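S.K.: Okay, so here is entry-v8.pdb, and as you'll see once you scroll down, it has PDB, N, CA, C and O atoms.
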ATOM      1  N   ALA C   1     -12.207 -15.867  15.166
ATOM      2  CA  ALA C   1     -11.941 -15.551  13.776
ATOM      3  C   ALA C   1     -11.967 -14.056  13.501
ATOM      4  O   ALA C   1     -11.659 -13.657  12.377
ATOM      5  N   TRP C   2     -12.358 -13.233  14.474
ATOM      6  CA  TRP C   2     -12.224 -11.793  14.320
ATOM      7  C   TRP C   2     -10.942 -11.276  14.948
ATOM      8  O   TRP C   2     -10.294 -10.396  14.378
ATOM      9  N   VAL C   3     -10.593 -11.796  16.128
ATOM     10  CA  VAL C   3      -9.427 -11.323  16.874
ATOM     11  C   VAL C   3      -8.138 -11.626  16.124
ATOM     12  O   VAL C   3      -7.247 -10.773  16.020
ATOM     13  N   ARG C   4      -8.024 -12.831  15.569
ATOM     14  CA  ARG C   4      -6.866 -13.129  14.738
ATOM     15  C   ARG C   4      -6.931 -12.380  13.416
ATOM     16  O   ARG C   4      -5.893 -12.056  12.833
ATOM     17  N   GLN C   5      -8.134 -12.084  12.942
ATOM     18  CA  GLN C   5      -8.277 -11.224  11.781
ATOM     19  C   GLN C   5      -8.108  -9.758  12.148
ATOM     20  O   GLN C   5      -7.760  -8.947  11.281
ATOM     21  N   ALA C   6      -8.306  -9.406  13.420
ATOM     22  CA  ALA C   6      -7.961  -8.063  13.865
ATOM     23  C   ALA C   6      -6.460  -7.843  13.817
ATOM     24  O   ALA C   6      -6.007  -6.775  13.403
ATOM     25  N   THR C   7      -5.681  -8.852  14.216
ATOM     26  CA  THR C   7      -4.232  -8.846  14.058
ATOM     27  C   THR C   7      -3.702 -10.277  14.137
ATOM     28  O   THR C   7      -4.168 -11.073  14.954
ATOM     29  N   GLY C   8      -2.768 -10.603  13.242
ATOM     30  CA  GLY C   8      -2.007 -11.843  13.302
ATOM     31  C   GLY C   8      -2.760 -13.155  13.200
ATOM     32  O   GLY C   8      -2.811 -13.916  14.169
ATOM     33  N   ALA C   9      -3.337 -13.440  12.036
ATOM     34  CA  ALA C   9      -4.102 -14.670  11.836
ATOM     35  C   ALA C   9      -3.199 -15.889  11.727
ATOM     36  O   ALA C   9      -3.618 -16.931  11.227
ATOM     37  N   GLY C  10      11.693 -17.480  11.029
ATOM     38  CA  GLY C  10      12.613 -16.606  10.328
ATOM     39  C   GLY C  10      12.014 -15.993   9.080
ATOM     40  O   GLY C  10      12.089 -16.576   8.002
ATOM     41  N   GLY C  11      11.420 -14.812   9.232
ATOM     42  CA  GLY C  11      10.757 -14.139   8.143
ATOM     43  C   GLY C  11      11.724 -13.640   7.090
ATOM     44  O   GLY C  11      12.925 -13.508   7.333
ATOM     45  N   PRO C  12      11.210 -13.339   5.894
ATOM     46  CA  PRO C  12      12.091 -13.000   4.768
ATOM     47  C   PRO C  12      12.692 -11.614   4.834
ATOM     48  O   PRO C  12      13.619 -11.324   4.070
ATOM     49  N   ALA C  13      12.221 -10.760   5.729
ATOM     50  CA  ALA C  13      12.500  -9.333   5.681
ATOM     51  C   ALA C  13      13.194  -8.912   6.968
ATOM     52  O   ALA C  13      12.562  -8.894   8.028
ATOM     53  N   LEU C  14      14.488  -8.562   6.886
ATOM     54  CA  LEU C  14      15.209  -8.137   8.088
ATOM     55  C   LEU C  14      16.426  -7.292   7.709
ATOM     56  O   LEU C  14      17.444  -7.843   7.297
ATOM     57  N   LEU C  15      16.351  -5.982   7.930
ATOM     58  CA  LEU C  15      17.494  -5.130   7.601
ATOM     59  C   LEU C  15      18.485  -4.960   8.751
ATOM     60  O   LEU C  15      19.686  -4.847   8.494
ATOM     61  N   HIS C  16      18.037  -4.912  10.007
ATOM     62  CA  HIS C  16      18.948  -4.632  11.116
ATOM     63  C   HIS C  16      19.476  -5.890  11.796
ATOM     64  O   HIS C  16      20.686  -6.137  11.810
ATOM     65  N   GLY C  17      18.582  -6.686  12.364
ATOM     66  CA  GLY C  17      18.983  -7.808  13.184
ATOM     67  C   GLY C  17      17.773  -8.324  13.930
ATOM     68  O   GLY C  17      16.655  -7.884  13.684
ATOM     69  N   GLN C  18      18.015  -9.244  14.861
ATOM     70  CA  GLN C  18      16.919  -9.864  15.595
ATOM     71  C   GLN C  18      16.219  -8.841  16.486
ATOM     72  O   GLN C  18      16.725  -7.751  16.737
ATOM     73  N   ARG C  19      15.004  -9.159  16.907
ATOM     74  CA  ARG C  19      14.234  -8.159  17.623
ATOM     75  C   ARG C  19      13.472  -8.751  18.793
ATOM     76  O   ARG C  19      12.946  -9.862  18.707
ATOM     77  N   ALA C  20      13.413  -7.993  19.883
ATOM     78  CA  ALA C  20      12.725  -8.407  21.094
ATOM     79  C   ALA C  20      11.725  -7.355  21.522
ATOM     80  O   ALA C  20      11.769  -6.208  21.066
ATOM     81  N   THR C  21      10.852  -7.771  22.442
ATOM     82  CA  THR C  21       9.800  -6.981  23.066
ATOM     83  C   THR C  21       9.110  -7.809  24.139
ATOM     84  O   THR C  21       9.303  -9.024  24.232
ATOM     85  N   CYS C  22       8.297  -7.123  24.946
ATOM     86  CA  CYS C  22       7.442  -7.721  25.963
ATOM     87  C   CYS C  22       6.427  -6.673  26.386
ATOM     88  O   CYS C  22       6.480  -5.533  25.939
ATOM     89  N   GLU C  23       5.485  -7.065  27.240
ATOM     90  CA  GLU C  23       4.409  -6.169  27.647
ATOM     91  C   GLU C  23       4.034  -6.331  29.116
ATOM     92  O   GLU C  23       3.769  -7.444  29.567
ATOM     93  N   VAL C  24       3.965  -5.218  29.856
ATOM     94  CA  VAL C  24       3.415  -5.222  31.210
ATOM     95  C   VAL C  24       2.317  -4.171  31.294
ATOM     96  O   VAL C  24       2.545  -3.001  30.965
ATOM     97  N   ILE C  25       1.138  -4.580  31.751
ATOM     98  CA  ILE C  25      -0.027  -3.702  31.805
ATOM     99  C   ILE C  25       0.037  -2.820  33.043
ATOM    100  O   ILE C  25       0.125  -3.315  34.169
ATOM    101  N   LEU C  26       0.057  -1.508  32.864
ATOM    102  CA  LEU C  26       0.181  -0.645  34.033
ATOM    103  C   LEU C  26      -0.831   0.482  34.129
ATOM    104  O   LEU C  26      -1.199   1.097  33.129
TER     105      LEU C  26
ATOM    106  N   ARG D   1      25.836  26.985  -3.241
ATOM    107  CA  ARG D   1      24.697  27.276  -2.369
ATOM    108  C   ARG D   1      23.842  28.353  -3.026
ATOM    109  O   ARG D   1      23.879  29.532  -2.674
ATOM    110  N   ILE D   2      23.058  27.920  -4.003
ATOM    111  CA  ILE D   2      22.108  28.764  -4.710
ATOM    112  C   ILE D   2      20.732  28.169  -4.461
ATOM    113  O   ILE D   2      20.542  26.964  -4.649
ATOM    114  N   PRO D   3      19.782  28.953  -3.952
ATOM    115  CA  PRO D   3      18.499  28.391  -3.523
ATOM    116  C   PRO D   3      17.663  27.957  -4.707
ATOM    117  O   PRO D   3      17.510  28.684  -5.690
ATOM    118  N   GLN D   4      17.142  26.750  -4.606
ATOM    119  CA  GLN D   4      16.445  26.095  -5.688
ATOM    120  C   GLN D   4      15.147  25.559  -5.117
ATOM    121  O   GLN D   4      15.152  24.871  -4.091
ATOM    122  N   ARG D   5      14.045  25.902  -5.766
ATOM    123  CA  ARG D   5      12.706  25.529  -5.350
ATOM    124  C   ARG D   5      12.194  24.435  -6.275
ATOM    125  O   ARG D   5      12.553  24.387  -7.450
ATOM    126  N   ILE D   6      11.398  23.525  -5.728
ATOM    127  CA  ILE D   6      10.671  22.553  -6.532
ATOM    128  C   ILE D   6       9.278  22.390  -5.936
ATOM    129  O   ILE D   6       9.093  22.488  -4.717
ATOM    130  N   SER D   7       8.283  22.219  -6.801
ATOM    131  CA  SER D   7       6.900  22.083  -6.371
ATOM    132  C   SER D   7       6.126  21.365  -7.464
ATOM    133  O   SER D   7       6.707  20.821  -8.409
ATOM    134  N   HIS D   8       4.801  21.395  -7.332
ATOM    135  CA  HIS D   8       3.911  20.671  -8.229
ATOM    136  C   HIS D   8       3.971  21.233  -9.640
ATOM    137  O   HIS D   8       4.239  20.500 -10.601
ATOM    138  N   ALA D   9       3.749  22.541  -9.773
ATOM    139  CA  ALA D   9       3.711  23.194 -11.074
ATOM    140  C   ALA D   9       5.053  23.172 -11.779
ATOM    141  O   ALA D   9       5.093  23.302 -13.004
ATOM    142  N   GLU D  10       6.152  23.012 -11.042
ATOM    143  CA  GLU D  10       7.427  22.773 -11.696
ATOM    144  C   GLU D  10       7.609  21.308 -12.036
ATOM    145  O   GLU D  10       8.325  20.983 -12.986
ATOM    146  N   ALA D  11       6.959  20.415 -11.299
ATOM    147  CA  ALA D  11       6.972  19.003 -11.640
ATOM    148  C   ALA D  11       5.899  18.643 -12.650
ATOM    149  O   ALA D  11       5.704  17.462 -12.929
ATOM    150  N   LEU D  12       5.221  19.641 -13.215
ATOM    151  CA  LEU D  12       3.994  19.419 -13.965
ATOM    152  C   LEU D  12       4.214  18.694 -15.289
ATOM    153  O   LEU D  12       3.243  18.197 -15.867
ATOM    154  N   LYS D  13       5.458  18.612 -15.777
ATOM    155  CA  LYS D  13       5.737  17.861 -17.000
ATOM    156  C   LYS D  13       5.419  16.385 -16.823
ATOM    157  O   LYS D  13       4.784  15.768 -17.684
ATOM    158  N   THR D  14       5.846  15.808 -15.711
ATOM    159  CA  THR D  14       5.592  14.401 -15.456
ATOM    160  C   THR D  14       4.302  14.145 -14.702
ATOM    161  O   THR D  14       3.781  13.028 -14.768
ATOM    162  N   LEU D  15       3.767  15.142 -13.994
ATOM    163  CA  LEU D  15       2.507  14.936 -13.291
ATOM    164  C   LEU D  15       1.345  14.881 -14.265
ATOM    165  O   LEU D  15       0.410  14.093 -14.091
ATOM    166  N   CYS D  16       1.402  15.693 -15.313
ATOM    167  CA  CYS D  16       0.309  15.836 -16.260
ATOM    168  C   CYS D  16       0.516  14.947 -17.480
ATOM    169  O   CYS D  16       0.150  15.308 -18.602
ATOM    170  N   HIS D  17       1.119  13.789 -17.280
ATOM    171  CA  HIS D  17       1.461  12.884 -18.364
ATOM    172  C   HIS D  17       0.356  11.851 -18.558
ATOM    173  O   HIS D  17      -0.247  11.403 -17.581
ATOM    174  N   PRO D  18       0.047  11.487 -19.806
ATOM    175  CA  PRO D  18      -1.056  10.543 -20.033
ATOM    176  C   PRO D  18      -0.778   9.138 -19.555
ATOM    177  O   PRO D  18      -1.726   8.431 -19.202
ATOM    178  N   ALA D  19       0.476   8.701 -19.520
ATOM    179  CA  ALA D  19       0.755   7.378 -18.982
ATOM    180  C   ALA D  19       0.680   7.334 -17.463
ATOM    181  O   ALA D  19       0.685   6.238 -16.896
ATOM    182  N   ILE D  20       0.625   8.482 -16.792
ATOM    183  CA  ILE D  20       0.309   8.480 -15.370
ATOM    184  C   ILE D  20      -1.140   8.072 -15.159
ATOM    185  O   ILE D  20      -1.434   7.110 -14.447
ATOM    186  N   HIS D  21      -2.063   8.786 -15.799
ATOM    187  CA  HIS D  21      -3.483   8.477 -15.690
ATOM    188  C   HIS D  21      -3.849   7.166 -16.373
ATOM    189  O   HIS D  21      -4.873   6.567 -16.034
ATOM    190  N   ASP D  22      -3.034   6.708 -17.319
ATOM    191  CA  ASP D  22      -3.178   5.383 -17.903
ATOM    192  C   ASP D  22      -2.839   4.346 -16.846
ATOM    193  O   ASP D  22      -1.670   4.171 -16.491
ATOM    194  N   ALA D  23      -3.851   3.650 -16.346
ATOM    195  CA  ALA D  23      -3.630   2.538 -15.436
ATOM    196  C   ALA D  23      -3.894   1.205 -16.118
ATOM    197  O   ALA D  23      -4.366   0.264 -15.481
ATOM    198  N   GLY D  24      -3.610   1.128 -17.414
ATOM    199  CA  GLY D  24      -3.664  -0.099 -18.175
ATOM    200  C   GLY D  24      -2.760  -1.203 -17.657
ATOM    201  O   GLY D  24      -3.221  -2.317 -17.372
ATOM    202  N   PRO D  25      -1.452  -0.938 -17.545
ATOM    203  CA  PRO D  25      -0.590  -1.903 -16.849
ATOM    204  C   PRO D  25      -0.948  -2.071 -15.392
ATOM    205  O   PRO D  25      -0.764  -3.163 -14.843
ATOM    206  N   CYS D  26      -1.484  -1.034 -14.756
ATOM    207  CA  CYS D  26      -1.920  -1.160 -13.372
ATOM    208  C   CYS D  26      -3.172  -2.027 -13.269
ATOM    209  O   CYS D  26      -3.305  -2.815 -12.328
ATOM    210  N   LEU D  27      -4.086  -1.894 -14.241
ATOM    211  CA  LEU D  27      -5.184  -2.845 -14.419
ATOM    212  C   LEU D  27      -4.687  -4.273 -14.521
ATOM    213  O   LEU D  27      -5.183  -5.163 -13.825
ATOM    214  N   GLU D  28      -3.709  -4.509 -15.396
ATOM    215  CA  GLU D  28      -3.288  -5.885 -15.616
ATOM    216  C   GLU D  28      -2.516  -6.432 -14.426
ATOM    217  O   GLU D  28      -2.650  -7.614 -14.098
ATOM    218  N   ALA D  29      -1.776  -5.580 -13.718
ATOM    219  CA  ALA D  29      -1.113  -6.035 -12.504
ATOM    220  C   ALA D  29      -2.113  -6.303 -11.394
ATOM    221  O   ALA D  29      -1.907  -7.216 -10.588
ATOM    222  N   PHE D  30      -3.207  -5.548 -11.348
ATOM    223  CA  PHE D  30      -4.245  -5.844 -10.374
ATOM    224  C   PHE D  30      -5.008  -7.098 -10.754
ATOM    225  O   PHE D  30      -5.545  -7.789  -9.882
ATOM    226  N   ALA D  31      -5.049  -7.418 -12.044
ATOM    227  CA  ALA D  31      -5.737  -8.612 -12.504
ATOM    228  C   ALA D  31      -4.876  -9.859 -12.411
ATOM    229  O   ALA D  31      -5.420 -10.966 -12.413
ATOM    230  N   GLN D  32      -3.555  -9.708 -12.355
ATOM    231  CA  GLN D  32      -2.692 -10.875 -12.201
ATOM    232  C   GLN D  32      -2.833 -11.473 -10.810
ATOM    233  O   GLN D  32      -3.263 -12.619 -10.651
ATOM    234  N   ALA D  33      -2.479 -10.705  -9.789
ATOM    235  CA  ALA D  33      -2.559 -11.177  -8.417
ATOM    236  C   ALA D  33      -4.002 -11.051  -7.957
ATOM    237  O   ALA D  33      -4.526  -9.940  -7.834
ATOM    238  N   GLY D  34      -4.645 -12.183  -7.698
ATOM    239  CA  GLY D  34      -6.025 -12.191  -7.286
ATOM    240  C   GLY D  34      -6.206 -11.790  -5.837
ATOM    241  O   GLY D  34      -5.368 -11.100  -5.245
ATOM    242  N   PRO D  35      -7.324 -12.188  -5.246
ATOM    243  CA  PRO D  35      -7.572 -11.885  -3.840
ATOM    244  C   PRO D  35      -6.625 -12.657  -2.942
ATOM    245  O   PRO D  35      -6.472 -13.879  -3.091
ATOM    246  N   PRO D  36      -5.956 -11.980  -2.014
ATOM    247  CA  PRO D  36      -5.190 -12.687  -0.983
ATOM    248  C   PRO D  36      -6.115 -13.459  -0.054
ATOM    249  O   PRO D  36      -7.331 -13.271  -0.033
ATOM    250  N   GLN D  37      -5.521 -14.343   0.745
ATOM    251  CA  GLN D  37      -6.308 -15.223   1.600
ATOM    252  C   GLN D  37      -6.436 -14.614   2.992
ATOM    253  O   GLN D  37      -5.683 -14.913   3.914
ATOM    254  N   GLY D  38      -7.424 -13.739   3.125
ATOM    255  CA  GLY D  38      -7.794 -13.197   4.415
ATOM    256  C   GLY D  38      -9.282 -13.354   4.632
ATOM    257  O   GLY D  38     -10.071 -13.378   3.685
ATOM    258  N   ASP D  39      -9.654 -13.486   5.910
ATOM    259  CA  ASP D  39     -11.061 -13.604   6.279
ATOM    260  C   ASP D  39     -11.832 -12.342   5.932
ATOM    261  O   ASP D  39     -13.024 -12.409   5.617
ATOM    262  N   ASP D  40     -11.173 -11.187   5.992
ATOM    263  CA  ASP D  40     -11.795  -9.957   5.520
ATOM    264  C   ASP D  40     -11.963  -9.973   4.010
ATOM    265  O   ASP D  40     -12.991  -9.535   3.489
ATOM    266  N   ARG D  41     -10.968 -10.500   3.297
ATOM    267  CA  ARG D  41     -10.927 -10.364   1.844
ATOM    268  C   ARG D  41     -11.925 -11.289   1.161
ATOM    269  O   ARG D  41     -12.616 -10.879   0.218
ATOM    270  N   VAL D  42     -12.009 -12.541   1.625
ATOM    271  CA  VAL D  42     -12.957 -13.501   1.062
ATOM    272  C   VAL D  42     -14.388 -13.032   1.289
ATOM    273  O   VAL D  42     -15.258 -13.219   0.430
ATOM    274  N   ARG D  43     -14.639 -12.350   2.404
ATOM    275  CA  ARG D  43     -15.962 -11.781   2.625
ATOM    276  C   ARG D  43     -16.188 -10.524   1.791
ATOM    277  O   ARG D  43     -17.301 -10.299   1.309
ATOM    278  N   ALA D  44     -15.151  -9.701   1.598
ATOM    279  CA  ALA D  44     -15.289  -8.474   0.819
ATOM    280  C   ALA D  44     -15.420  -8.735  -0.672
ATOM    281  O   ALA D  44     -15.774  -7.818  -1.415
ATOM    282  N   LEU D  45     -15.134  -9.950  -1.126
ATOM    283  CA  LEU D  45     -15.524 -10.346  -2.477
ATOM    284  C   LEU D  45     -17.040 -10.468  -2.612
ATOM    285  O   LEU D  45     -17.614 -11.521  -2.319
ATOM    286  N   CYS D  46     -17.693  -9.394  -3.071
ATOM    287  CA  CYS D  46     -19.138  -9.370  -3.266
ATOM    288  C   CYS D  46     -19.490  -8.561  -4.508
ATOM    289  O   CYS D  46     -18.682  -7.780  -5.018
ATOM    290  N   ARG D  47     -20.719  -8.754  -4.986
ATOM    291  CA  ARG D  47     -21.240  -8.005  -6.124
ATOM    292  C   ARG D  47     -21.689  -6.623  -5.674
ATOM    293  O   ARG D  47     -22.432  -6.491  -4.698
ATOM    294  N   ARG D  48     -21.229  -5.591  -6.377
ATOM    295  CA  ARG D  48     -21.950  -4.317  -6.386
ATOM    296  C   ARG D  48     -21.966  -3.587  -7.720
ATOM    297  O   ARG D  48     -22.886  -2.795  -7.947
ATOM    298  N   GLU D  49     -21.015  -3.817  -8.622
ATOM    299  CA  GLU D  49     -20.826  -2.916  -9.745
ATOM    300  C   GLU D  49     -21.323  -3.471 -11.068
ATOM    301  O   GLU D  49     -21.606  -2.687 -11.978
TER     302      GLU D  49
END
Produce structure tokens that represent the structure in this file.
M.R.:
Amino acid sequence: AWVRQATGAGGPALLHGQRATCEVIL
Amino acid sequence: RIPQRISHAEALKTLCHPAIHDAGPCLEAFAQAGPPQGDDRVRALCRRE
């Protein structure tokens, strides 16, 4: 209940277009 | 192309206006929308004042 409250516990807002990302720990 | 400056003291007509410091409608807009539903917010609802 802290970690999801730390961050992030078809959205209405989009000016450009769809969006992607990913993560690799280096 | 004539150089034109703008700053605070030239904007001072609207900066020093009484309806700026009047947060009466800002009071009522803060009183309309209550506390959002966050785990931080429900806990931060406490007595101090």
S.K.: Taking only N, CA, C and O atoms into account, which of D:32, D:37, D:4, D:14 comes nearest chain C?
M.R.: D:37
S.K.: For chain C, which residues have at least one atom within 12 Å of chain D, if we go by only C-alpha atoms? Write them as an MDAnalysis selection string, please.
M.R.: chainID C and resid 1:9
S.K.: One decimal, in Å: what's the spacing between CA of residue 33 (chain D) and atom N of residue 47 (chain D)?
M.R.: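 Distance between the two atoms: 18.6 Å.
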S.K.: Give me the box for region 7-23 of chain C as AutoDock Vina command-line options, namely the centre and edge lengths in Å to one decimal of a box along x, y and z that holds every listed atom plus 6 Å on each side.
M.R.:
--center_x 7.5 --center_y -11.1 --center_z 16.8 --size_x 38.4 --size_y 24.8 --size_z 37.5
